[PDB]
file data_33.tsv (TSV, C-alpha atoms and all ligand atoms)
chain	number	residue	atom	x	y	z
A	71	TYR	CA	-25.65	15.77	-24.17
A	72	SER	CA	-27.45	13.40	-21.83
A	73	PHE	CA	-26.64	9.70	-21.82
A	74	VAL	CA	-30.15	8.94	-20.56
A	75	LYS	CA	-31.96	10.87	-23.30
A	76	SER	CA	-30.04	9.05	-26.04
A	77	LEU	CA	-31.21	5.62	-24.87
A	78	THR	CA	-34.67	5.81	-26.48
A	79	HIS	CA	-33.39	6.89	-29.92
A	80	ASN	CA	-36.09	9.56	-29.98
A	81	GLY	CA	-34.19	12.75	-29.19
A	82	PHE	CA	-31.31	14.02	-31.30
A	83	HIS	CA	-29.31	10.79	-30.91
A	84	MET	CA	-29.90	7.56	-32.80
A	85	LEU	CA	-26.43	5.97	-32.88
A	86	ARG	CA	-24.01	7.13	-30.17
A	87	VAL	CA	-21.32	4.48	-29.71
A	88	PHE	CA	-19.52	6.51	-27.02
A	89	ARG	CA	-22.56	7.63	-25.03
A	90	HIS	CA	-21.12	5.87	-21.97
A	91	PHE	CA	-18.41	8.57	-21.81
A	92	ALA	CA	-20.87	11.47	-21.52
A	93	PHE	CA	-20.69	11.92	-17.73
A	94	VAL	CA	-16.95	11.34	-17.27
A	95	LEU	CA	-15.97	14.98	-17.72
A	96	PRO	CA	-18.76	16.36	-15.49
A	97	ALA	CA	-17.99	13.84	-12.76
A	98	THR	CA	-14.32	14.75	-13.04
A	99	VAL	CA	-15.02	18.48	-12.69
A	100	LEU	CA	-17.30	17.93	-9.71
A	101	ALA	CA	-14.53	15.91	-8.08
A	102	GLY	CA	-12.24	18.91	-8.53
A	103	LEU	CA	-14.19	20.69	-5.81
A	104	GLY	CA	-12.32	18.60	-3.26
A	105	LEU	CA	-8.96	19.29	-4.85
A	106	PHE	CA	-7.84	21.51	-1.97
A	107	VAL	CA	-9.97	19.90	0.74
A	108	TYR	CA	-8.09	16.65	0.18
A	109	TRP	CA	-4.53	17.76	-0.47
A	110	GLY	CA	-1.68	15.65	0.79
A	111	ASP	CA	-1.75	12.57	2.96
A	112	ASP	CA	-3.04	14.11	6.20
A	113	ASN	CA	-6.35	15.25	4.69
A	114	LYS	CA	-7.25	11.83	3.27
A	115	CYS	CA	-6.95	9.84	6.52
A	116	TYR	CA	-6.43	10.00	10.28
A	117	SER	CA	-2.80	11.07	10.21
A	118	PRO	CA	-1.82	10.03	13.78
A	119	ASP	CA	-2.26	6.42	12.64
A	120	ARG	CA	0.26	6.87	9.81
A	121	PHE	CA	4.04	6.71	9.90
A	122	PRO	CA	4.80	10.28	8.71
A	123	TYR	CA	3.08	11.73	11.78
A	124	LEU	CA	5.68	10.05	13.99
A	125	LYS	CA	8.58	11.57	12.06
A	126	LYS	CA	7.07	15.03	12.51
A	127	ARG	CA	6.66	14.61	16.27
A	128	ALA	CA	10.28	13.42	16.52
A	129	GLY	CA	11.47	16.72	15.06
A	130	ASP	CA	11.31	15.73	11.39
A	131	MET	CA	13.64	12.84	12.15
A	132	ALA	CA	13.87	9.51	10.37
A	133	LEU	CA	12.57	6.54	12.34
A	134	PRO	CA	12.56	2.80	11.71
A	135	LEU	CA	9.55	1.75	9.67
A	136	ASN	CA	8.07	-0.31	12.53
A	137	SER	CA	8.04	2.57	15.02
A	138	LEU	CA	4.23	2.55	15.14
A	139	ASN	CA	4.32	-0.96	16.65
A	140	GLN	CA	6.98	-0.74	19.37
B	14	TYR	CA	59.61	-30.87	26.06
B	15	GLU	CA	62.86	-30.45	24.07
B	16	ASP	CA	64.41	-27.89	26.42
B	17	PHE	CA	61.22	-25.82	26.40
B	18	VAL	CA	58.39	-25.27	28.89
B	19	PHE	CA	54.87	-24.60	27.59
B	20	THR	CA	52.59	-24.14	30.58
B	21	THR	CA	49.08	-25.44	29.93
B	22	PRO	CA	46.29	-26.58	32.26
B	23	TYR	CA	45.49	-30.24	32.72
B	24	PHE	CA	44.03	-31.51	29.45
B	25	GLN	CA	40.73	-33.41	29.60
B	26	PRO	CA	40.68	-36.21	27.00
B	27	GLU	CA	36.94	-36.73	27.56
B	28	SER	CA	36.23	-33.45	25.77
B	29	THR	CA	36.94	-35.24	22.48
B	30	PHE	CA	33.63	-37.14	22.50
B	31	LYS	CA	31.41	-34.12	23.18
B	32	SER	CA	28.01	-34.48	21.50
B	33	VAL	CA	27.60	-31.18	19.63
B	34	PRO	CA	24.56	-31.37	17.32
B	35	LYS	CA	24.83	-29.06	14.33
B	36	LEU	CA	22.13	-26.40	14.13
B	37	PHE	CA	20.77	-24.50	11.16
B	38	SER	CA	22.09	-20.99	10.55
B	39	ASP	CA	21.97	-19.26	7.17
B	40	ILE	CA	23.77	-16.05	6.24
B	41	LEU	CA	21.99	-13.67	3.86
B	42	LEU	CA	24.44	-11.42	2.04
B	43	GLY	CA	21.91	-8.78	1.12
B	44	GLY	CA	19.20	-8.30	3.70
B	45	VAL	CA	17.44	-5.63	5.72
B	46	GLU	CA	18.92	-2.42	7.09
B	47	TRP	CA	17.92	-0.58	10.26
B	48	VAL	CA	16.12	2.44	8.76
B	49	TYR	CA	14.78	3.14	5.29
B	50	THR	CA	13.68	6.30	3.53
C	201	LIG	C1	-37.14	12.03	0.48
C	201	LIG	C2	-36.67	13.31	-0.21
C	201	LIG	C3	-37.76	13.89	-1.11
C	201	LIG	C4	-38.11	12.90	-2.23
C	201	LIG	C5	-39.02	13.53	-3.28
C	201	LIG	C6	-38.35	14.68	-4.04
C	201	LIG	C7	-37.22	14.17	-4.92
C	201	LIG	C8	-37.76	13.72	-6.28
C	201	LIG	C9	-36.72	13.76	-7.40
C	201	LIG	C10	-35.91	15.06	-7.45
C	201	LIG	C11	-34.84	15.05	-8.56
C	201	LIG	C12	-34.09	13.72	-8.62
C	201	LIG	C13	-33.11	13.67	-9.80
C	201	LIG	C14	-33.28	12.39	-10.62
C	201	LIG	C15	-34.70	12.27	-11.20
C	201	LIG	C16	-34.82	13.23	-12.39
C	201	LIG	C17	-35.81	12.70	-13.43
C	201	LIG	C18	-35.30	13.02	-14.83
C	201	LIG	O1	-36.02	12.93	-15.76
C	201	LIG	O2	-33.97	13.43	-15.01
C	201	LIG	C19	-33.47	13.24	-16.30
C	201	LIG	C20	-32.16	14.02	-16.43
C	201	LIG	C21	-32.17	14.86	-17.70
C	201	LIG	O3	-30.92	14.83	-18.33
C	201	LIG	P1	-29.98	16.17	-18.39
C	201	LIG	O4	-30.59	17.27	-17.57
C	201	LIG	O5	-29.83	16.64	-19.81
C	201	LIG	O6	-28.51	15.77	-17.78
C	201	LIG	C22	-28.53	15.03	-16.60
C	201	LIG	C23	-27.14	15.03	-15.97
C	201	LIG	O7	-26.55	16.29	-16.13
C	201	LIG	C24	-26.26	13.97	-16.63
C	201	LIG	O8	-27.03	13.13	-17.44
C	201	LIG	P2	-26.32	11.79	-18.07
C	201	LIG	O9	-27.35	10.97	-18.79
C	201	LIG	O10	-25.23	12.19	-19.03
C	201	LIG	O11	-25.67	10.92	-16.83
C	201	LIG	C25	-25.26	9.60	-17.07
C	201	LIG	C26	-24.88	8.95	-15.74
C	201	LIG	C27	-25.88	9.32	-14.66
C	201	LIG	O12	-25.28	9.06	-13.42
C	201	LIG	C28	-25.81	7.96	-12.73
C	201	LIG	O13	-26.97	7.76	-12.71
C	201	LIG	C29	-24.85	7.00	-12.02
C	201	LIG	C30	-25.11	5.59	-12.53
C	201	LIG	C31	-24.13	4.61	-11.88
C	201	LIG	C32	-24.85	3.30	-11.60
C	201	LIG	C33	-24.96	2.46	-12.88
C	201	LIG	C34	-25.47	1.08	-12.49
C	201	LIG	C35	-25.23	0.07	-13.62
C	201	LIG	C36	-26.13	-1.16	-13.45
C	201	LIG	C37	-25.96	-1.80	-12.07
C	201	LIG	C38	-27.05	-2.84	-11.83
C	201	LIG	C39	-27.11	-3.29	-10.36
C	201	LIG	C40	-27.30	-2.13	-9.38
C	201	LIG	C41	-27.00	-2.60	-7.96
C	201	LIG	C42	-26.79	-1.39	-7.06
C	201	LIG	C43	-26.23	-1.83	-5.70
C	201	LIG	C44	-25.59	-0.64	-4.99
C	201	LIG	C45	-24.47	-1.13	-4.08
C	201	LIG	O14	-24.87	7.56	-15.87
C	201	LIG	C46	-23.77	7.00	-16.54
C	201	LIG	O15	-22.72	7.54	-16.54
C	201	LIG	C47	-23.96	5.66	-17.25
C	201	LIG	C48	-22.63	5.04	-17.66
C	201	LIG	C49	-21.99	4.38	-16.43
C	201	LIG	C50	-20.60	3.83	-16.78
C	201	LIG	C51	-20.64	2.33	-17.10
C	201	LIG	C52	-21.24	1.49	-15.96
C	201	LIG	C53	-21.90	0.23	-16.54
C	201	LIG	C54	-20.90	-0.78	-17.08
C	201	LIG	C55	-20.09	-1.44	-15.96
C	201	LIG	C56	-20.83	-2.70	-15.52
C	201	LIG	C57	-20.07	-3.39	-14.38
C	201	LIG	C58	-20.74	-4.72	-14.00
C	201	LIG	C59	-20.73	-5.71	-15.17
C	201	LIG	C60	-21.22	-7.10	-14.75
C	201	LIG	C61	-22.55	-7.03	-13.98
C	201	LIG	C62	-22.87	-8.41	-13.40
C	201	LIG	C63	-23.57	-9.26	-14.46
C	201	LIG	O16	-31.11	13.10	-16.43
C	201	LIG	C64	-30.83	12.53	-15.18
C	201	LIG	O17	-30.74	11.35	-15.08
C	201	LIG	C65	-30.65	13.42	-13.96
C	201	LIG	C66	-29.84	12.75	-12.85
C	201	LIG	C67	-28.68	13.64	-12.42
C	201	LIG	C68	-28.27	13.34	-10.98
C	201	LIG	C69	-29.26	14.01	-10.04
C	201	LIG	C70	-28.78	13.94	-8.60
C	201	LIG	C71	-29.49	14.98	-7.74
C	201	LIG	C72	-29.03	14.82	-6.30
C	201	LIG	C73	-29.93	13.84	-5.55
C	201	LIG	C74	-29.07	12.87	-4.74
C	201	LIG	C75	-28.60	11.69	-5.60
C	201	LIG	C76	-29.78	10.84	-6.08
C	201	LIG	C77	-29.33	9.82	-7.12
C	201	LIG	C78	-28.35	8.80	-6.52
C	201	LIG	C79	-28.31	7.58	-7.43
C	201	LIG	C80	-27.38	6.52	-6.83
C	201	LIG	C81	-25.93	6.88	-7.18
C	202	LIG	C1	-34.41	-7.13	-8.69
C	202	LIG	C2	-33.78	-6.63	-9.98
C	202	LIG	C3	-34.56	-7.14	-11.19
C	202	LIG	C4	-35.86	-6.34	-11.35
C	202	LIG	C5	-36.68	-6.83	-12.54
C	202	LIG	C6	-35.93	-6.73	-13.87
C	202	LIG	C7	-35.84	-5.27	-14.32
C	202	LIG	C8	-34.70	-5.11	-15.34
C	202	LIG	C9	-33.35	-5.07	-14.62
C	202	LIG	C10	-33.10	-3.66	-14.07
C	202	LIG	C11	-32.35	-2.83	-15.10
C	202	LIG	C12	-32.13	-1.42	-14.56
C	202	LIG	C13	-30.86	-0.81	-15.16
C	202	LIG	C14	-31.02	-0.45	-16.65
C	202	LIG	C15	-32.09	0.62	-16.87
C	202	LIG	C16	-32.60	0.58	-18.31
C	202	LIG	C17	-31.51	1.07	-19.27
C	202	LIG	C18	-32.09	1.19	-20.67
C	202	LIG	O1	-31.37	1.10	-21.61
C	202	LIG	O2	-33.46	1.42	-20.83
C	202	LIG	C19	-33.85	2.15	-21.96
C	202	LIG	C20	-35.13	1.55	-22.53
C	202	LIG	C21	-35.48	2.19	-23.86
C	202	LIG	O3	-36.12	1.23	-24.66
C	202	LIG	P1	-36.91	1.70	-26.02
C	202	LIG	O4	-37.52	0.50	-26.70
C	202	LIG	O5	-37.99	2.70	-25.70
C	202	LIG	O6	-35.80	2.40	-27.02
C	202	LIG	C22	-34.68	1.62	-27.28
C	202	LIG	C23	-34.59	1.32	-28.78
C	202	LIG	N1	-33.31	0.70	-29.10
C	202	LIG	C24	-33.20	-0.56	-28.41
C	202	LIG	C25	-33.22	0.48	-30.53
C	202	LIG	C26	-32.23	1.58	-28.69
C	202	LIG	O7	-36.17	1.74	-21.61
C	202	LIG	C27	-36.39	0.73	-20.66
C	202	LIG	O8	-36.58	1.03	-19.53
C	202	LIG	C28	-36.38	-0.75	-21.04
C	202	LIG	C29	-36.24	-1.62	-19.80
C	202	LIG	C30	-37.63	-1.91	-19.25
C	202	LIG	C31	-37.58	-3.03	-18.21
C	202	LIG	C32	-38.98	-3.14	-17.62
C	202	LIG	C33	-39.21	-4.53	-17.01
C	202	LIG	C34	-40.68	-4.70	-16.60
C	202	LIG	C35	-41.65	-4.40	-17.75
C	202	LIG	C36	-42.93	-3.75	-17.25
C	202	LIG	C37	-43.66	-4.71	-16.31
C	202	LIG	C38	-44.62	-5.55	-17.14
C	202	LIG	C39	-45.47	-6.44	-16.24
C	202	LIG	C40	-46.71	-6.94	-16.99
C	202	LIG	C41	-47.58	-5.76	-17.43
C	202	LIG	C42	-49.02	-6.24	-17.58
C	202	LIG	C43	-49.80	-5.27	-18.46
C	202	LIG	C44	-49.94	-3.93	-17.74
call {"tool": "encode", "arguments": {"input": "data_33.tsv", "output": "structure tokens"}}
result
Amino acid sequence: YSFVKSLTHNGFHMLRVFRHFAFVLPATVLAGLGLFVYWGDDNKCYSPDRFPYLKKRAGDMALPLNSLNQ
Amino acid sequence: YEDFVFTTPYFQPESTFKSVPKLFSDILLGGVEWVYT
């Protein structure tokens, strides 16, 4: 039920003390469309600027944490 | 000395009054390693 329509107290809703939660579930479901588009670290940023990219190019080898600077 | 030879170079008594200013140096038992996971 719409949060906007319940503001005037003229359609179906006079007192709705949790009307400000009405669009949380729809907004959460719509955000689930990018569940697989943004999976893992590499899909949320430019990975070559992050530390894990360096470990992969070194053959999945551990590097000192400041390797991106030297 | 007393029937014994201990060969040493010529001692310099001026080395006693050598101005050696103490410098700060702190040891941290528990610090940083090389690599971390
Ligand atoms: C050029 C192109 C051509 C142009 C011409 C053609 C185009 C013409 C129009 C075409 C259609 C347009 C659609 C809209 C008009 C429709 C008219 C109508 O009657 O519809 C009624 C229609 C009927 O209801 P319904 O069909 O039953 O259900 C509707 C929905 O399903 C869901 O309904 P709902 O009511 O359940 O949704 C509720 C939801 C609706 O979603 C929203 O609108 C998002 C609202 C978020 C903003 C809230 C702002 C709060 C106040 C801020 C004040 C300052 C603002 C400064 C802004 C600066 C920005 C940086 O809002 C909320 O959730 C409210 C609660 C928010 C949580 C609490 C926040 C407040 C407290 C925190 C305060 C913090 C500060 C405190 C201190 C302040 C300092 C003193 O209801 C609608 O409102 C429809 C809107 C749905 C979205 C449509 C989007 C379509 C895509 C278009 C692109 C996006 C455009 C909108 C972007 C807005 C900016 C984000
Ligand atoms: C630059 C920013 C400031 C702009 C000016 C100030 C505008 C107010 C601030 C913006 C608020 C926008 C976010 C909130 C949106 C409203 C949310 C809401 O609850 O509204 C539901 C309400 C519903 O009210 P209701 O009375 O119908 O039902 C509510 C009943 N109770 C309260 C019991 C639940 O609708 C509104 O839009 C009210 C807000 C109106 C604000 C209009 C301000 C201007 C008034 C008209 C101009 C008059 C000029 C003189 C006219 C001369 C004669 C012609």
call {"tool": "axis_aligned_box", "arguments": {"input": "data_33.tsv", "around": "ligand LIG 202 (chain C)", "padding_each_side": "5 Å", "output": "JSON"}}
result
{"center_x": -40.4, "center_y": -2.2, "center_z": -19.6, "size_x": 29.1, "size_y": 19.8, "size_z": 31.8}
call {"tool": "interface_residues", "arguments": {"input": "data_33.tsv", "of": "chain A", "to": "chain B", "cutoff": "9 Å", "atoms": "all atoms listed in the file", "output": "list in words"}}
result
residues 132, 133, 134 and 135 of chain A
call {"tool": "residues_around", "arguments": {"input": "data_33.tsv", "residues": "stretch 84-98 of chain A", "least_positions_apart": "3", "cutoff": "9 Å", "atoms": "all atoms listed in the file", "output": "list in words"}}
result
residues 71, 72, 73, 74, 76, 77, 78, 79, 80, 81, 101 and 102 of chain A
call {"tool": "atom_distance", "arguments": {"input": "data_33.tsv", "atom1": "atom CA of residue A:125", "atom2": "atom CA of residue B:44"}}
result
24.0 Å
call {"tool": "closest_residue", "arguments": {"input": "data_33.tsv", "among": "A:115, A:136, A:127, A:100", "to": "ligand LIG 201 (chain C)", "atoms": "only C-alpha atoms and all ligand atoms"}}
result
A:100
